[PDB]
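As structure tokens, one chain now follows by itself in the form solved without its partner chain.
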């Protein structure tokens, strides 16, 4: 299936405190049956929660993707999360659900390429930020807004349009 933007957004926990769809990182992991503090000790990379949040939104809208972190609690117990942003972007890139991303190498090209569309965005190799960022993006007041945060100071912007 191909998820609709509105429903993917409804099913996506934002990390932005002022977002209507906000949920704290600890609560996101608790839902899937993990203690964040425990995971951080195993791999500090778990502090970057964008791909966990996006994985969960995709699962909730019925989208297939390979994952590495088993869900241990709730309706999605047994299903898997991909906690790495790049690895999740790779999955989307090779999927029939989403197809190949449009990839932009500078800010003007990224903004023009996205234009008035909405969908999934992946900011790859962000300046002064570890692990990248995958999120939802849409126009707002003639600018682009991300459900959590945009990171246009990066090496590559990947975009998948949704309806």
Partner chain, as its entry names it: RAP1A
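The term rigid core refers to the maximal set of C-alpha atoms that superpose within 1.5 Å between the two forms. Residues that one form lacks are left out of the comparison. Residue numbers count along the first chain shown, from 1.
From this point on, the text means the form deposited with its partner chain bound, which you will not see here.
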Joint contact, 1, 80 and 101 to its partner chain in the deposited bound form, by non-hydrogen atom at 4.5 Å: no
Any of the heavy atoms of residue 45 lying within 4.5 Å of its partner chain in the deposited bound form? yes
So in the deposited bound form, does any heavy atom of residue 124 sit within 4.5 Å of its partner chain? no
Look up in the deposited bound form whether residue 50 has a non-hydrogen atom within 4.5 angstroms of its partner chain, and give yes or no. yes
Residue 132 near its partner chain in the deposited bound form, any heavy atom under 4.5 Å? yes
Out of 30-46, which residues reach within 4.5 Å of its partner chain in the deposited bound form, heavy atoms considered? 36, 37, 40, 44, 45
Tell me, please, whether between the shown form and the other one the C-alpha of residue 131 is shifted by 2 Å or more, with the rigid core used for superposition. yes
Can you list the runs of 3 or more residues whose CA atoms move by 2 Å or more between the shown form and the other one, with the rigid core superposed? 129-131
